[PDB]
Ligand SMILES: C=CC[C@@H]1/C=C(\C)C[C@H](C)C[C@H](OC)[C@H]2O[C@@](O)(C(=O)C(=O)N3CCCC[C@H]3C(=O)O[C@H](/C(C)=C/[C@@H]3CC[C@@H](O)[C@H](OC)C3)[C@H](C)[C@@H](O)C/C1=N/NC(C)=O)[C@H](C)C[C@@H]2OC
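The chain below stands alone and is given as structure tokens, in the form solved without the named molecule.
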């Protein structure tokens, strides 16, 4: 599944719902800390629609548990990420992923 650990608190009140668009900054890392992707490096927040299945399951279910303004560490099992096949060569088979996610706003 996905484990959500707070880095810094959000408002504690505004949680995203299915169909809403979330705006986030994120960094994705493998278990040894290697970064594989980051919106901060592009200086461009990332948007996705909750429930559209346009991101991996853990990032979706994890952000659903975040409030606006929160920054959190999401640890995601491979079955909630890229599974047995992965995303070669950047994501190996059966990889647990760690994302640092900041929920900036809902649209």
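Positions refer to the first chain, counted from 1.
Below, we refer to the form solved in complex with the named molecule, which is not included among the displayed structures.
Contact annotation: residue 61 falls outside 4.5 Å of the named molecule in the deposited bound form, judged by heavy atom distances. Among heavy atoms of residue 68, none comes within 4.5 Å of the named molecule in the deposited bound form. Among heavy atoms of residue 31, none comes within 4.5 Å of the named molecule in the deposited bound form.
In the deposited bound form, the named molecule sits within 4.5 Å of a heavy atom belonging to residue 81.
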